[PDB]
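Reading through the structure tokens given below for one structure.
Ideal geometry is used to build each Cβ from the backbone, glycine not excepted, and the neighbour counts take in all protein chains shown. The values are calculated or read from the model by the stated rules, or taken from the named source; these are not laboratory values.
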Amino acid sequence: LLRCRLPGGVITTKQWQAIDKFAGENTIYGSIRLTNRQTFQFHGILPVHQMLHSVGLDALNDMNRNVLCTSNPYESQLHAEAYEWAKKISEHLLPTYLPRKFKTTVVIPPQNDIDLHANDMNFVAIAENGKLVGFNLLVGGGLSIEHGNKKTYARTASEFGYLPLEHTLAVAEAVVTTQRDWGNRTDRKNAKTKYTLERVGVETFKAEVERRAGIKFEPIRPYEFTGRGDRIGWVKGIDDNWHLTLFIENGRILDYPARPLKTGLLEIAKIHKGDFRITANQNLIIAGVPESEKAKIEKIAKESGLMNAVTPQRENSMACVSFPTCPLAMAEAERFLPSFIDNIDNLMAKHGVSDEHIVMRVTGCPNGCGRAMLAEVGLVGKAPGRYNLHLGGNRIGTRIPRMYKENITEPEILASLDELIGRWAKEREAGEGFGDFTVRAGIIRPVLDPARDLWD
Ligand code: SRM
Ligand code: SF4
Ligand SMILES: [K+]
């Protein structure tokens, strides 16, 4: 288990070739596993650091995790600056021993692809005239829970306020240090920032950050999210550049019979002008392709099976690694997802909603890596073949789904969804998502204040 520090998921084609070689020659699985934190993992390493270090990469006592950055903003010009800041924050946080791990993101509305509510610290970019001017700071997200332990809970991030760009690092440092000092000293299961905030209060924590940073937060500046999905396919960037986002199921890059995904990406890496961007949805963006190069790149991607069309449902589904490598796994996730979505696709067709999607995620155990606690429909592994079914999150990921059914099997899950998707297909309002529908229609009570109402 080796994971690389790769702020914003930006990796060069040179670095890619180096990791492709290592994966194929020096690991049991021979795969490259894109993670939902915009980096990659090797599984079953049989020297890694010298291979990484040789291409300018480093693997993270350090309680920091990969700093995320919106991968493919609609306003393409904004990426360079936001990425610059994600990289600066990442370096600024590099070694204060944190009570628990600390996760940070840089978000560019209207996209919440990085799933900000799953993180301790989030900087939402505010731009004027195509230039970043500052950030809205949101603090306190975290999804991990422990089965049947009402003292644990998933929590969304709280708005602190707006800060001019110049105060970014001072604020980042102040948040980290306040959490370091105030984090629960005894119990590690209560050490996370989400718990600290609930114990001392948002305003108390906010006031201390201002005191330490030497600033005063301005009121939050308007921002809205429209979705969390990647922009699969070609999108026009700046100049004559184009970005091709490839859907990679479970982010598992391996050569399969008749679908040489790994080799295909290697071939693209060899002729690609710019670099690649690993997304928070475990997909890959071939970024900065000149218009004149589109056809070449597309030919390889197409021939390799990297552009095989899937339904919008599959594009918006996610699972954590789980078995066979995860030692904490309770139920299958990555290995369960493909056939599970085959079933969901059937249900969507049956109800005439094949063109629609439901943000559906499966996490192997309550640690929550698959981010099911921010999905419209989330499955949380409880035992082999059994999961807790949660419903009621929303498309943009700002609401935690309450547990609907507990410790049930796939057939039981499918039957429940068949019923629910049917009602949704027929009773939903114009453009109303599944999660919002289950809440409006009274199928599940919403989670309004996680620390107090997540558990029944
Ligand atoms: C690969 C990934 C899932 C995926 O399919 O993409 C992953 C994989 C693992 N996570 Fe994670 N987590 C992944 C994102 C997250 C997320 C989602 C996110 O960050 O966007 C969370 C939920 C958010 C949160 O932290 O609240 C998550 C919460 C954890 C936790 C519970 C943390 C907690 O605060 O309680 C653990 C267990 C622990 O640390 O004790 C954990 C533990 C683990 C480990 C390393 C298991 C272990 O402790 O030995 C799992 C390795 C499985 C394997 O064999 O590869 N992982 N993990 C993601 C790696 C991200 C990365 O590059 O760093
Ligand atoms: S949610 Fe549980 S099973 Fe899945 S990768 Fe994380 S720790 Fe392992
Ligand atoms: K994916």
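Structure notes:
- Residue selected from region 36-63 under the condition in a strand (DSSP E or B) and in contact with a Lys or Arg (Cβ under 6 Å, 6 or more places away or on another chain), by the criterion farthest from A319 (Cα to Cα): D58
- A count restricted to region 25-48 and to residues that are touching a strand residue (DSSP E or B) at 6+ places or on another chain (Cβ under 9 Å) and farther than 19 Å from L246 by Cα stands at 11.
- Members of region 191-231 found to be within 28 Å of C320 (Cα to Cα), of a type in the set (V, I, T) and surrounded by 18 or more Cβ atoms within 10 Å (Cβ to Cβ), listed by number: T193, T196
- Qualifying residue in region 235-247 (condition: more than 16 Å from ligand 1 (Cβ to nearest atom), hydroxyl-bearing (S, T, Y), more than 22 Å from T39 (Cβ to Cβ) and outside any loop (DSSP other than H, G, I, E, B)): no
- Residue in region 198-211 that is part of a helix (DSSP H, G or I), within 19 Å of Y97 (Cα to Cα) and of a type in the set (S, T, N, Q) present: no
- Residue-level check: of (1) closer than 18 Å to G435 by Cβ; (2) within 15 Å of ligand 3 (Cβ to nearest atom), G368 misses just (2).
- Residues of region 369-397 that turn out to be closer than 20 Å to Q38 by Cα and within 15 Å of ligand 1 (Cβ to nearest atom), as a count: 8
- Number of residues in region 265-281 that are in contact with a strand residue (DSSP E or B) (Cβ under 8 Å, 6 or more places away or on another chain) and more than 17 Å from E249 (Cβ to Cβ) equals 8.
- Test result for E334, touching a strand residue (DSSP E or B) at 6+ places or on another chain (Cβ under 9 Å), at negative phi and of a type in the set (D, E): yes
- Extreme residue, surrounded by the fewest Cβ atoms within 10 Å (Cβ to Cβ), among residues of region 248-263 that are within 16 Å of ligand 3 (Cβ to nearest atom) and more than 11 Å from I32 (Cβ to Cβ): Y256
- Filtered by the rule that a residue be over 17 Å from the mean Cα position of the chain (by Cα) and under 17 Å from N394 (Cα atoms), region 352-383 gives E356, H357.
- Identity of the residue in region 1-53, among the hydrophobic types (A, V, I, L, M, F, W, C) and within 16 Å of ligand 3 (Cβ to nearest atom), that ends up farthest from the chain's Cα centre (by Cα): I32
- Of all residues in region 177-194, none are assigned to a strand (DSSP E or B) and away from ligand 2 (no atom under 16 Å from the Cβ).
- Subset of region 323-340 (residues that are within 15 Å of ligand 3 (Cβ to nearest atom) and buried (at least 23 other Cβ atoms within 10 Å of the Cβ)): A333, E334, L337
- Where a residue in region 309-336 is under 23 Å from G397 (Cα atoms) and its partner, wherever it lies, is among the acidic types (D, E) and within 15 Å of ligand 1 (Cβ to nearest atom), with Cβ under 7 Å and at least six apart: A319/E334; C320/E334; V321/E334; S322/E332; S322/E334
- Scanning region 23-56 for residues that are farther than 21 Å from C326 by Cα and surrounded by fewer than 19 Cβ atoms within 10 Å (Cβ to Cβ) yields a total of 9.
- Given (1) out of contact with any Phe, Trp or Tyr (no Cβ under 8 Å at 6 or more places or on another chain); (2) over 21 Å from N72 (Cα atoms); (3) among the basic types (K, R), index of the condition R221 fails: (1)
- Selection of region 49-72 for residues being in contact with a strand residue (DSSP E or B) (Cβ under 8 Å, 6 or more places away or on another chain) and under 19 Å from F276 (Cβ atoms) yields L52, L57, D58, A59, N66, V67, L68, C69, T70, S71, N72.
- Criterion applied to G370, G422, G431, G352 was being under 30 Å from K101 (Cα atoms) and either buried (at least 24 other Cβ atoms within 10 Å of the Cβ) or assigned by CATH to the domain that holds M330 (or both), and the one residue passing it is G370.
- With respect to (1) assigned to a helix (DSSP H, G or I); (2) out of contact with any helix residue (DSSP H, G or I) (no Cβ under 6 Å at 6 or more places or on another chain), the lone exception for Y83 is condition (2).
- Output for region 112-124, where each listed residue is within 16 Å of ligand 3 (Cβ to nearest atom) and either among the β-branched types (V, I, T) or surrounded by fewer than 24 Cβ atoms within 10 Å (Cβ to Cβ) (or both): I114
- If the condition is being part of a loop (DSSP other than H, G, I, E, B), of a type in the set (D, E, K, R) and away from ligand 1 (no atom under 16 Å from the Cβ), then region 118-133 contributes no residue at all.
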